[PDB]
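So you can see what is in the structure, the chains are spelled out below.
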Amino acid sequence: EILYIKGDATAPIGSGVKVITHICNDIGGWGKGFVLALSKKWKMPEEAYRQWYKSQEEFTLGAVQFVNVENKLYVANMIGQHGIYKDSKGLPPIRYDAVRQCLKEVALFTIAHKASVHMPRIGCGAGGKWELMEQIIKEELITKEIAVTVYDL
């Protein structure tokens, strides 16, 4: 099961390799919420994301970028958000099929690195809803028996 702790995802607990996963948008925006907490500690994730956005090389929904910010520690930039607005049909920016691909890709990364997953309430804000998101995490990570720890407050 998924462990819910009250704390900070940029200061994950436990030992072993760890991967911090969070949802980025496909617009190139970086200045609100969890992203700032990441920039509070490391300049790399923000820089990697921007450079990936400017090159437009496979920068697309469902894709995942990995950044080694510290010893046995990786940040996972997951593009599971479309824009930040709400299209002309009342569709929240969150893309559940994209987060699924993203996590599906995180799954294999964690197994290959014997890592552990640590995230904040990704999706919530955005349009996301934990009821659905929780199921995704379940089917894509807990199912392959990957450790998952959510950080809220």
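Everything that follows concerns the structure shown earlier in this document.
Conventions adopted
Residues numbered from 1 in each chain as written, not as in the entry; some residues may be left out. Heavy atoms only, no water. Helix = DSSP H or I, 4+ residues; strand = E, 2+ residues; numbered from the N terminus. Rg over C-alpha atoms; globule rule 2.2 N^0.38 Å. Areas by Shrake-Rupley, 256 points an atom, 1.4 Å probe, with all protein chains shown as cover. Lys, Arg positive; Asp, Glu negative; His and termini not counted. Charge placed at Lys NZ, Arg CZ, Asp CG, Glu CD. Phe/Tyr/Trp six-rings, centres within 6.5 Å; stacked < 30°, edge-to-face > 60°. Buried < 20%, exposed > 50% of the residue type's maximum accessible area, 1.4 Å probe, protein only. Core = buried A, V, L, I, M, F, W, Y, C linked by side-chain atoms within 4.5 Å. Contact = heavy atoms within 4.5 Å. Pairing = 2+ DSSP bridges. Arc of directions from axis to C-beta. Axes fitted to C-alpha atoms, helices over the stretch in contact; angles between N-to-C directions.

Caption draft 1: Layout of the overall build of the protein chain. Within the protein chain one finds four helices and six strands. Helices and strands in the protein chain line up, N terminus first, as β-β-α-α-β-β-α-β-α-β. Expected size for 153 residues packed as a compact globule is a radius of gyration near 15 Å; at 14 Å, the protein chain falls within 12% of this value. Accessible surface, the protein chain as shown: approximately 8,200 Å² in total, 53% of it carbon and sulfur. Counting 19 positive and 17 negative side-chain charges, the protein chain places the centres of these two groups 3 Å from one another.

Caption draft 2: Structural detail: the packing of aromatic side chains. Overall, the coordinates contain seven aromatic pairs when judged by the stated rule. Each ring, one from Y53 and one from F59, has its centre 5.3 Å from the other, and the planes form 75°; the classification is edge-to-face. A residue is classified by how much of its surface remains accessible, and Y53, at 32% relative accessible area, is partly exposed. Here the aromatic rings of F66 and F109 are separated by 3.9 Å at their centres, their planes lie at 5°, and the arrangement is stacked. With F66 in strand β3 (residues 64-70) and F109 in helix α3 (residues 96-112), this pair connects stretches of sequence that are 43 residues apart.

Caption draft 3: Structural detail: the nonpolar core. Counting residues in each nonpolar core, the largest one holds 27 residues, and the members touching the most others are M78, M119, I122 and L141. Those elements that provide at least two residues to this core are β2 (18-25), β4 (73-81), α3, β5 (116-120), α4 (130-140) and β6 (148-152). Here this core takes six residues from α3, the largest share from any one element. Contacts of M78, omitting those with residues within four sequence positions, involve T21, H22, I23, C24, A63, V64, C102, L103, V106 and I122.

Caption draft 4: How the structure looks around the pairing of β4. Burial runs high along β4: nine of the nine residues are buried. With eight bridges joining them, β2 and β4 adopt parallel strand pairing. Residue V19 lies in a different strand from β4, and its bridge partner there is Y74. The turn linking β3 back onto β4 is made up of two residues, and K72 within it adopts a positive phi angle of 65°.

Caption draft 5: Broad picture of α4. For α4, the complete set of buried residues consists of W130, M133, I136, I137 and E140. The buried side chains of α4 occupy one side of the element, clustering within an arc of 120° when seen end-on. Those residues of α4 that are buried lie in contact with β1 (3-6), β2, α3, β5 and β6.

Caption draft 6: Broad picture of the side chain of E140. Considering the arrangement of structural elements, one finds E140 in helix α4. If near-sequence neighbours (up to four positions away) are discounted, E140 is found in contact with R100, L103, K104 and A107.

Caption draft 7: Spotlight on the environment of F59. Mapped onto the secondary structure, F59 falls in the loop between α2 (44-55) and β3. Along the backbone, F59 and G28 are 31 residues apart, and their C-alpha atoms lie at a distance of 9.8 Å. Leave out the neighbours within four places in its chain, and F59 touches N25, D26, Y49, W52, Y53 and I79.

Caption draft 8: Geometry of the sheet that holds β6. Across the sheet, six strands lie side by side as β1-β6-β5-β2-β4-β3; this open sheet has mixed pairing. The open sheet has two edge strands with one neighbour each: β1 and β3. With strand direction ignored, the average angle separating the axes of adjacent strands in the sheet is 30°.

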